[PDB]
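> piece number one of the complex, untouched:
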Amino acid sequence: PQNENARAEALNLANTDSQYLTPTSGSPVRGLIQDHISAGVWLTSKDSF
Amino acid sequence: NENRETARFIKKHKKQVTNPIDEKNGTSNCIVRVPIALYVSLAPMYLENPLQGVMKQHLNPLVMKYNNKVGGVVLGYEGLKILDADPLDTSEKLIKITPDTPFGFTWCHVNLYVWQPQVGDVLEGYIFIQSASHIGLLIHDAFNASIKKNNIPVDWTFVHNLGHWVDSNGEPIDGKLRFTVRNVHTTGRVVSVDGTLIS
Amino acid sequence: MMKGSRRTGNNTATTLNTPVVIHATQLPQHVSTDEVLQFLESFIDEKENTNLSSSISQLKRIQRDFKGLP
Amino acid sequence: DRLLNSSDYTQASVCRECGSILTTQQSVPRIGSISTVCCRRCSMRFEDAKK
């Protein structure tokens, strides 16, 4: 964008932070993906000291 | 089919108020006050001072100039009053910001003391120069009229000494002189006045 | 060609420079003699509490107009 | 800002009386004077100076 009535509308209406829930079902659309899941089982284990 | 379309041609060139031949000096009176309504901008730097912000942008570039919408020469103004956009008077008037810009537009009434010459007026100005080509005048220290030769009474000749005028008095004539007004010009940035010395 | 393109540097007839539309709201009333004095004597002191001071003496060329020595 | 302000973003001249676009014209002045925009179908030519 090229003007300051749009730099606020690329922050406070259409950022990737108000787009956390999709309006189709209310589900969340944003989350880790493949290996950032499989590090949780190793980080939050009971052997990981 | 030549009546119903002439309602907007003559009626527009019917210039509204004439000039009365008042004051019993023979002279016609052309200084006149007309109230109007503008439509101006207001820059965001003047968005705390909206009095100065309209006087400086649209009124001060209009004084001592011709204006094609009122018909006169703008001499001044008093009564610049911004119409509030809130139909509530009050001191905190509000105007509307445009969507695509930060400039706001608003209406303003004002009283412009225009100077309004037409044909058939009676005007007097100080003779600036004179030759065997015209006589240049200073109408009210600032306006210039110039009666050319083919509208002068052709009795009156010119002696050269850069020279001086020969009337039926035979006088190098001073400033103050009465004439009658031909087509006032609008063309240049300088407002030319044109007149005739036939009586 | 250049002179058709340097019109865009000479003209500058913007909307900041001119109002959009001026409409006369009433018919013009021919003022008297003495109030033209009584206007212009009070018109000059307007911005006199920058630029506009080449035009201030133009406004002060309106000053002499009725009482000086022409 | 994606269908006017960066596509074309022109400031054309529009006659307010007839409400057209293509019938306007920036005139030709005497070169002492200054050119300006004029509408064609709102004006009738100077030969029709009828009183």
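Yes, it's here. Residues are numbered from 1 along each chain as shown, chains lettered A, B, ... in the order given.

> my guess is residue A:3 meets residue D:1, correct?
Yes - in this structure, residue A:3 is within contact of residue D:1 by CB atoms under 8 Å, at 6.0 Å. C-betas here are computed from N, CA, C, even on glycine.

> those two: which has the busier surroundings?
Set side by side, residue A:3 and residue D:1 show more neighbours around residue D:1, with 16 against 12, by other CB atoms under 10 Å in any protein chain shown.

> in stretch B:49-60, what counts as buried?
Going by neighbour count (16 or more other CB atoms under 10 Å in any protein chain shown), the buried part of stretch B:49-60 is B:50, B:53, B:54, B:55, B:56, B:57, B:58, B:59, B:60.

> spit out the contact partners of residue B:55.
Residue B:55 makes contacts with B:80, C:46, C:47, as judged by CB atoms under 8 Å, 6 or more residues apart in numbering or on different chains.

> hmm, residue C:56 and the last one touching each other?
Pointing back at residue C:47 there. Yes - between residue C:47 and residue C:56 there is a contact under CB under 8 Å: 7.3 Å.

> helices along the chain, start to end?
Here I'm looking at chain A. Taking DSSP state H as the test, the helices found in chain A are A:35-38, A:40-43.

> ah, no, chain C please
Counting by DSSP H, the helices of chain C are C:7-10, C:34-43, C:53-59.

> let's have those helices in CSV, adding mean neighbour count and distance to chain D.
Compiled in CSV, those are given as follows (neighbours: other CB atoms under 10 Å in any protein chain shown; distance: least, CB to the nearest CB, whole Å):
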stretch, mean neighbour count, distance to chain D
helix C:7-10, 9, 7
helix C:34-43, 14, 28
helix C:53-59, 14, 20
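
> could you also fit chain E onto it:
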Amino acid sequence: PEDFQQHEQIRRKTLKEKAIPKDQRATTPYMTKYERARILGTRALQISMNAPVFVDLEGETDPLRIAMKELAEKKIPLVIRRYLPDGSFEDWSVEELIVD
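Below is chain E, added to the chains above:
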């Protein structure tokens, strides 16, 4: 003449018949994400055109974040006109609105 004035007085009578008065306003007291993203938009486009500022700006060159500094401290001289669809409207200020 007055065919402008007869054309003018109708509008200001029309424009007065649509302002719903302040004791009878009937919309939300909130700043519903669309005032907030545009008030911050337009005010940031005023500071870029030398509007008078009324806060201790602390080296913040970013013209958008200056308006947020005045939004959370209520120094904005704006008035929101909310058009009800027949043409009537309620001129809410920015003080009397309540932010999220």
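
> what do you get for the contacts of residue B:55 once chain E is counted?
Counting by CB under 8 Å, 6+ apart, residue B:55 makes contact with B:80, C:46, C:47.

> which of the three states applies to it?
Under DSSP: H, G, I helix; E, B strand; the rest coil, residue B:55 falls in the helix class.

> quick one: it from residue E:5, how far?
Residue B:55 sits 24 Å away from residue E:5, going by CB to CB, to the nearest Å.

> how about residue E:56?
In this structure, residue E:56 and residue E:5 are 49 Å apart, going by CB to CB.

> rewinding a little: out of the contacts of residue B:55, which are buried?
B:80, C:46.

> the contacts of residue B:55 in strands, which ones?
Per DSSP state E, strands hold no members of the contacts of residue B:55.

> same list (the contacts of residue B:55) but as CSV, adding distance to residue C:64.
Shown next, in CSV, are the contacts of residue B:55 (distance: CB to CB, whole Å):
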residue, distance to residue C:64
B:80, 25
C:46, 18
C:47, 19
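
> what parts of chain C come near chain D?
C:7, C:11, C:13 (CB under 8 Å from any CB of the partner chain).

> now flag whichever of those residues is closest to residue A:13.
For the residues of chain C next to chain D, the residue nearest residue A:13 by CB to CB is residue C:13; the value is 37.7 Å.

> related to what we said a few turns ago, redo the contacts of residue B:55 as TSV? Include distance to chain E.
Formatted as TSV, the contacts of residue B:55 follow (distance: CB to the nearest CB, whole Å):
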residue	distance to chain E
B:80	17
C:46	22
C:47	20
